[PDB]
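One chain comes next, on its own, written as structure tokens: the form deposited in one PDB entry.
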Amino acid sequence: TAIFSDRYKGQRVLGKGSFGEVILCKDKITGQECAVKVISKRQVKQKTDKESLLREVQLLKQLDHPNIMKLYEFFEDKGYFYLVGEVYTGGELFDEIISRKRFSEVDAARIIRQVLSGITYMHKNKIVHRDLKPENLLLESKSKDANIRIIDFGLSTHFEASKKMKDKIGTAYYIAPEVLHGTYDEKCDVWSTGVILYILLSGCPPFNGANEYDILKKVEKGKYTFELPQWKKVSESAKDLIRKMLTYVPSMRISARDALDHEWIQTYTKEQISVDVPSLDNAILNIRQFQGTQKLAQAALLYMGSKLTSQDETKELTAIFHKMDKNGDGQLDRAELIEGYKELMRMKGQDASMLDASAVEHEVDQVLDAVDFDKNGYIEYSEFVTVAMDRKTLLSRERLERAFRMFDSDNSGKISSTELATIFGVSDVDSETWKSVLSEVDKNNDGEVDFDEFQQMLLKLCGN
């Protein structure tokens, strides 16, 4: 029976998505590139039986639509599921939108119709997304006219979502109230799209709050308004469609297919009237701020997670090498470093990157190539542990710095206390807890932090 790494080698990590890591992979015979989502059975519960999931996979492989991620293969072993799909290189939709000089109702209507078109297809095949949100909208290439490909259609029905805030951050804004209460059908995906439409035309979520529970509460009540200024530049036709997508009771809410037939869509995507239509400069400003904020809270949580993983892995790795070293010499040699590093993976797992014994050998060699002399030599294990673990983290430590640079749009070097309150609110860190931590790093501060102080705060929030 077939095995994933007999067919694909890993070329590099693309990142961290719902339910697992996504790795850029390459067929060892054809040289075909693919994006491979790797779901750890230890980290994720399954909601269905094996049978039901194999059926859903078989179906998904046969579906085809230009706005839906194409799935090609599926594998399973002891510890993992490997979902193999087409690589897209244009990145998250909202990350491209903030890079934009001009945005109008026409740009929004082209995007929305892509999304609706992909959904209506999937609904005719009886597949609900359930967790539709901006992160699941990838652009196909780095072109300007790129198609939108919706990722993750079908996963929520079979895998139990993380309760960890590092993984659920951003979700509450887009969830349909009926999902909250348990009785949901395909119409939930219209809601979520309705929310994404609202955000596209105003740059503010319709249901908003200081922390996840406060967001959920607005959502379950289902009230929002169009009274903010930027709703002045927007057509009645858009607000009407939003209204019907944000209709509380699902059976009264418009279907995806009927949304595609709505006047706003008819009008704004006909690709004639575009030259005459205002750019929504306020909305795009608000999205830039919304996005920066979301990516910073996300980087903070990952960085804290990575410091904890690192602490855990450093001690474990050190224990494996000590127990290996009958020399009692603290010296260690290459084949053993690999053997121990493998024994680490054995029990930790955690590493989509280390999908085979050969991935490991090469990571050992890269560590040794940053280290001193004689790759093949008898080596002192403690110094190797330091460098191996730094390598693992600093991608976090780097992404953290980068997301703080991006968030600091005016290049002041600082984030104000109010900005922190927002950042920690979205990260669901208790106010008293961070204020407390803020006071212990800089006991003289005046309500703003530099990057080094912000980093020290997060270190103290993860037990350091």
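For clarity, a rigid core is taken as the largest C-alpha set superposing within 1.5 Å between two forms. Residue numbers run from 1 along the displayed sequence.
Practice item. Note whether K270 lacks coordinates in a third or more of the other compared entries that model its flanking residues. Key: In at least a third of the other entries, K270 has no coordinates.
Exercise for review: Say whether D374, which has coordinates in the shown structure, is without coordinates in a third or more of the other compared entries.
Suggested key: Missing in at least a third of the others, so yes.
Review point. Of 199-207 and 92-100, which one has the bigger average CA B-factor?
Key: 92-100 has the higher mean C-alpha B-factor.
Practice item. Output the stretch having the higher mean C-alpha B factor in the entry; the candidates are 259-267 and 107-115. Key: Taking the mean C-alpha B-factor of 259-267 and of 107-115, the larger value falls to 259-267.
Exercise for review: Could you say which of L155, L180, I273, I215 has its CA atom at the highest B factor, as listed in the PDB entry?
Suggested key: Highest CA B-factor of the listed options: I273.
Review point. Of the options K133, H123, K142, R288, which has the highest CA B factor as deposited?
Key: Highest C-alpha B-factor among the listed options: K142.
Review point. Of the three thirds of its chain by CA temperature factor, lowest, middle or highest, which one includes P229?
Key: Tercile = highest for this residue's CA B-factor.
Practice item. Ordered by C-alpha B-factor within the chain, which third holds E21? Give me lowest, middle or highest, please. Key: CA B-factor rank for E21: middle third.
Exercise for review: Determine, from the deposited record, the chain-internal third of the Cα B-factor for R253: lowest, middle or highest.
Suggested key: Answer is lowest: the recorded C-alpha B-factor places it there.
Check your understanding: Going by what the PDB entry lists, where does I39 fall on CA B-factor within its chain: lowest, middle or highest third?
Key -> Ranked within chain, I39 CA B lands in the lowest tercile.
Check your understanding: Comparing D77 with the other modelled residues of its chain, is its CA B-factor in the lowest, middle or highest third?
Key -> Answer is middle: the recorded C-alpha B-factor places it there.
Beyond what is shown, the protein has a form deposited in another entry; the following relates to that form.
**Study point:** Entry of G182, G328, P278, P229 that shows, once the rigid core is matched between this form and the one not shown, a C-alpha shift of 2 Å or more
**Key:** Just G328.
Check your understanding: Is it true that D167 shifts between this form and the one not shown by 2 Å or more at the Cα, once the core is aligned?
Key -> Comparing the forms between this form and the one not shown, which are aligned on their rigid core, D167 does not shift its C-alpha by 2 Å or more.
Point to revise | After fitting the core, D351 CA displacement of 2 Å or more between this form and the one not shown | key: Shift of 2 Å or more: yes.
Point to revise | Comparison of CA distance in the other form with shown form for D27, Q350, at least 3 Å | key: They are closer; the C-alpha distance drops by 3 Å or more in the other form.
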